[PDB]
Every structure is written in C-alpha cells, then in structure tokens.
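Next up is one chain by itself, shown in structure tokens, the form deposited in one PDB entry.
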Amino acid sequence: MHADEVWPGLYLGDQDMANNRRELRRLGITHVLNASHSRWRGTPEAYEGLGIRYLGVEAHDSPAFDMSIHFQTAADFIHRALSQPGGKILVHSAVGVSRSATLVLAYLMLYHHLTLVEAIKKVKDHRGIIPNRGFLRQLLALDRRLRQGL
C-alpha cells in the first residue's frame, strides 16, 4: 500500500500513503513527517484540511547526504505527535525506506533507550511482507496442507 505500525502510533509508510486522503483519515493520522520534502513543491495542501500537522525534511537518499543534522529535530517532532492524545504519525519518503526509517530509528534511540541493534530489530519485526490478505489466506492454506504431510 503501504504503511507499517513499527511503534505504537508510529507508521512507517510510502509516498502513495502520504498522498492518500481516505487512508490518512482512516488511520487517524494527525502528523506527517516527510523525510524527502522538496522546497520546490511546498506542504501538501490536503493536510490543513485534514487537520494534519506537517514537518518536511529536505533529504536526498545519497550516501553523502548528512541526515544526522535532522535526528534530534525529527525525533522531537515524532515525540510531539505521539505525546498528543490520539496522536498518530506517518513517516515516509518519496522512494526507498532509508530516509524515513533512519529518522524512526533515531527517535527510538533518543526517546526509547534502544541501541541501534535493538531499534533495527524492533522495526524489522513489524514490517509486514504480505499486506495482501488474500495471499496471506492462500499461504496459510498451503501451510495447513504441508503441515498435514504434503
């Protein structure tokens, strides 16, 4: 789709999710952290109407880009979002999971006393690989058969 709840109230999602009003409202998203904001496209206009608080971080998914200057600010924003009653935040990038996941991991290390190894394990454990519930049902049926001896 996609978005994964990698920490309570904390959704790691993709650009399409960030652009999708039905889903944003359905999830009850109150904050959006765009880890690939383009100074040349501004804040998404749907967001004020949705009552969504926005933080855009201008970041390129390049190994020479310094994301670290945004670690604390982004973590603070995530903390604000999750600290609000009913607060739920979507963290996403335009493409690739590196930019958004990096800010989530920094948040977990700074606000939830996890080591990087522990934070990585936490996020990976909650990243789904079969969002398609039909396919999951199909795999479960296969599982039952193979367990039964096939």
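Take the two forms, superpose them, and find the largest set of C-alpha atoms that agree within 1.5 Å; that set is the rigid core. One-based numbering along the sequence shown.
The next section is about a form of this same protein that is not shown, the form deposited in another entry.
**Q** So, superposing on the core, is the move of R137 at the CA at least 2 angstroms between this form and the one not shown?
**A** The answer is yes, as the C-alpha of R137 shifts between this form and the one not shown by 2 Å or more after core alignment.
**Q** Relative to the form shown here, do the C-alpha atoms of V123 and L142 sit closer together or farther apart in the other entry, given a change of 3 Å or more?
**A** Relative to the shown form, the pair is closer.
**Q** So the Cα-Cα distance between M17 and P131 shifts by 3 Å or more in the other entry; is it shorter or longer than what we see here?
**A** Relative to the shown form, the pair is farther apart.
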